[PDB]
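Heads up, the thing below is written out as structure tokens.
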Protein chains: 2
Amino acid sequence: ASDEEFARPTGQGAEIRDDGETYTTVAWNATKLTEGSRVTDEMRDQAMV
Amino acid sequence: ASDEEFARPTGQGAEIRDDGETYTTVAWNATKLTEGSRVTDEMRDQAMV
Ligand SMILES: [Mg+2]
Ligand SMILES: [Mg+2]
Ligand SMILES: [Mg+2]
């Protein structure tokens with residue numbers, strides 16, 4: 001969203017004027033982070049941990 | 001079928017190699033064994049047996 005502004009000093013019976021929210025955007029591009037580990041079956045079985 | 005073999009001493013994490021059951025045949029080829037005998041009608045009549 002656009003930064004906040006201030007409402008306007010207005011006469012009685014006078015038109016309420018427009019200062020609408022103007023918009024922009026920021027892009028995301030999510031990078032894949034990966035880590036693996038390999039263990040032998042013998043190691044997986046024998047570990048105390 | 002092929003003969004039994006001995007399983008292979010292997011490292012950990014190493015590929016288990018293929019030595020699958022292997023097959024052959026022995027082909028039979030049945031050979032016609034034949035035997036003939038001929039006798040005349042006079043021989044057949046005159047013989048005691
Ligand atoms: Mg007007
Ligand atoms: Mg403005
Ligand atoms: Mg073999």
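The chains in the structure tokens are called A, B, ... from first to last as shown; in each chain the residues are counted from 1, and the ligands are counted from 1 in the order shown.
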Set out as a tab-separated table a contact list for chain B and stretch 25-42 of chain A with a cut-off of 12 Å, giving each residue of chain B that qualifies its closest atom pair and distance in Å to one decimal, counting only C-alpha atoms, ordered by chain and rising residue number.
residue	atom	partner	partner_atom	distance
B:11	CA	A:40	CA	10.6
B:12	CA	A:40	CA	6.8
B:13	CA	A:40	CA	6.0
B:14	CA	A:40	CA	9.8
B:15	CA	A:40	CA	11.9
Mobile chain A fitted to chain B over all in-order Cα pairs, reported as a compact mmCIF listing (two decimals) with N, CA and C atoms, in the first residue's frame:
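Printed below is part-v4.txt as written:
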# COMPACT_ATOMS: atom_id res chain seq x y z
N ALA A 1 21.72 -75.86 -17.81
CA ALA A 1 22.04 -74.78 -16.89
C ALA A 1 23.54 -74.49 -16.88
N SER A 2 23.88 -73.21 -16.62
CA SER A 2 25.24 -72.78 -16.36
C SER A 2 25.77 -73.50 -15.11
N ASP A 3 27.10 -73.70 -15.07
CA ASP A 3 27.76 -74.32 -13.93
C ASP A 3 27.41 -73.56 -12.65
N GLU A 4 27.44 -74.28 -11.52
CA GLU A 4 27.19 -73.65 -10.23
C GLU A 4 28.35 -72.74 -9.86
N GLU A 5 28.01 -71.62 -9.20
CA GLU A 5 28.99 -70.70 -8.64
C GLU A 5 28.82 -70.64 -7.12
N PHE A 6 29.52 -69.68 -6.50
CA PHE A 6 29.54 -69.50 -5.06
C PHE A 6 28.86 -68.18 -4.72
N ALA A 7 28.01 -68.22 -3.68
CA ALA A 7 27.41 -67.02 -3.12
C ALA A 7 28.51 -66.06 -2.65
N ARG A 8 28.16 -64.77 -2.54
CA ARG A 8 29.13 -63.70 -2.41
C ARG A 8 29.21 -63.23 -0.96
N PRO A 9 30.43 -63.09 -0.36
CA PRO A 9 30.60 -62.33 0.89
C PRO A 9 30.01 -60.93 0.76
N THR A 10 29.06 -60.61 1.65
CA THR A 10 28.21 -59.43 1.56
C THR A 10 28.21 -58.68 2.89
N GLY A 11 28.28 -57.34 2.84
CA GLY A 11 28.14 -56.49 4.01
C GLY A 11 26.69 -56.49 4.52
N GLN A 12 26.50 -56.02 5.77
CA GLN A 12 25.16 -55.96 6.34
C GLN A 12 24.42 -54.73 5.79
N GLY A 13 23.19 -54.94 5.30
CA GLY A 13 22.41 -53.88 4.68
C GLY A 13 22.83 -53.57 3.24
N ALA A 14 23.80 -54.34 2.71
CA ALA A 14 24.30 -54.17 1.35
C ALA A 14 23.41 -54.94 0.36
N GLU A 15 23.34 -54.43 -0.88
CA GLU A 15 22.57 -55.03 -1.97
C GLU A 15 23.05 -56.45 -2.26
N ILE A 16 22.10 -57.40 -2.24
CA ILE A 16 22.31 -58.73 -2.80
C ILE A 16 22.43 -58.56 -4.32
N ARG A 17 23.56 -59.04 -4.87
CA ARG A 17 23.87 -58.91 -6.29
C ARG A 17 23.38 -60.14 -7.06
N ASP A 18 23.23 -59.95 -8.38
CA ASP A 18 22.75 -60.98 -9.28
C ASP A 18 23.91 -61.74 -9.92
N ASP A 19 23.91 -63.06 -9.69
CA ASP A 19 24.49 -64.02 -10.61
C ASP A 19 23.43 -65.09 -10.86
N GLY A 20 22.54 -64.80 -11.82
CA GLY A 20 21.46 -65.71 -12.15
C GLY A 20 21.95 -66.91 -12.96
N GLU A 21 21.12 -67.96 -13.00
CA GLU A 21 21.35 -69.09 -13.89
C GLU A 21 21.21 -68.61 -15.33
N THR A 22 22.30 -68.71 -16.11
CA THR A 22 22.23 -68.54 -17.56
C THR A 22 22.09 -69.92 -18.21
N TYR A 23 21.46 -69.93 -19.39
CA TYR A 23 21.02 -71.19 -19.99
C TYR A 23 21.48 -71.29 -21.45
N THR A 24 21.68 -72.54 -21.88
CA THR A 24 21.85 -72.92 -23.27
C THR A 24 21.07 -74.22 -23.51
N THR A 25 21.25 -74.84 -24.68
CA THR A 25 20.48 -76.03 -25.01
C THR A 25 21.29 -76.97 -25.90
N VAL A 26 21.00 -78.28 -25.80
CA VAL A 26 21.49 -79.25 -26.77
C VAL A 26 20.30 -79.87 -27.52
N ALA A 27 20.47 -79.95 -28.85
CA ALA A 27 19.47 -80.48 -29.77
C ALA A 27 19.45 -82.01 -29.75
N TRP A 28 18.24 -82.58 -29.84
CA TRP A 28 18.09 -83.97 -30.25
C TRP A 28 17.40 -84.05 -31.61
N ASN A 29 17.82 -85.06 -32.38
CA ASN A 29 17.24 -85.39 -33.67
C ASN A 29 17.15 -86.91 -33.74
N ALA A 30 15.99 -87.45 -33.32
CA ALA A 30 15.81 -88.89 -33.16
C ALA A 30 15.68 -89.56 -34.53
N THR A 31 16.62 -90.49 -34.80
CA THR A 31 16.64 -91.31 -36.01
C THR A 31 15.71 -92.50 -35.82
N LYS A 32 14.91 -92.80 -36.86
CA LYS A 32 14.06 -93.99 -36.87
C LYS A 32 14.92 -95.24 -37.09
N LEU A 33 14.88 -96.14 -36.10
CA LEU A 33 15.46 -97.46 -36.24
C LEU A 33 14.33 -98.47 -36.47
N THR A 34 14.46 -99.25 -37.55
CA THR A 34 13.42 -100.21 -37.92
C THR A 34 14.03 -101.57 -38.27
N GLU A 35 13.29 -102.62 -37.86
CA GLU A 35 13.52 -103.96 -38.37
C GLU A 35 12.17 -104.64 -38.58
N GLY A 36 12.08 -105.36 -39.70
CA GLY A 36 10.93 -106.20 -39.99
C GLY A 36 11.32 -107.67 -40.18
N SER A 37 10.29 -108.52 -40.17
CA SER A 37 10.39 -109.92 -40.54
C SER A 37 9.09 -110.34 -41.22
N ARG A 38 9.22 -111.20 -42.24
CA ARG A 38 8.07 -111.80 -42.89
C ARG A 38 8.12 -113.32 -42.74
N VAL A 39 6.92 -113.90 -42.62
CA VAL A 39 6.67 -115.32 -42.40
C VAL A 39 5.47 -115.68 -43.29
N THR A 40 5.51 -116.83 -43.99
CA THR A 40 4.33 -117.28 -44.72
C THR A 40 3.26 -117.75 -43.72
N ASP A 41 1.97 -117.72 -44.10
CA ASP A 41 0.90 -118.25 -43.26
C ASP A 41 1.15 -119.72 -42.89
N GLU A 42 1.61 -120.51 -43.89
CA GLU A 42 1.92 -121.93 -43.75
C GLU A 42 3.01 -122.15 -42.70
N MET A 43 4.02 -121.27 -42.70
CA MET A 43 5.12 -121.31 -41.76
C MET A 43 4.66 -120.90 -40.36
N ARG A 44 3.84 -119.84 -40.28
CA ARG A 44 3.29 -119.35 -39.01
C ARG A 44 2.46 -120.43 -38.31
N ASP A 45 1.68 -121.20 -39.10
CA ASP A 45 0.85 -122.27 -38.57
C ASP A 45 1.65 -123.52 -38.19
N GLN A 46 2.64 -123.91 -39.01
CA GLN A 46 3.29 -125.21 -38.84
C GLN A 46 4.35 -125.22 -37.73
N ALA A 47 4.92 -124.05 -37.39
CA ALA A 47 6.00 -123.94 -36.40
C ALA A 47 5.58 -124.50 -35.04
N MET A 48 6.50 -125.27 -34.42
CA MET A 48 6.34 -125.77 -33.05
C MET A 48 6.53 -124.61 -32.07
N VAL A 49 7.56 -123.80 -32.35
CA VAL A 49 7.89 -122.52 -31.74
C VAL A 49 6.77 -121.52 -32.10
Exercise. Could you pull out the residues in chain A that DSSP calls helix (DSSP H, G or I) from the backbone, as a VMD selection string?
Key: chain A and resid 41 to 46
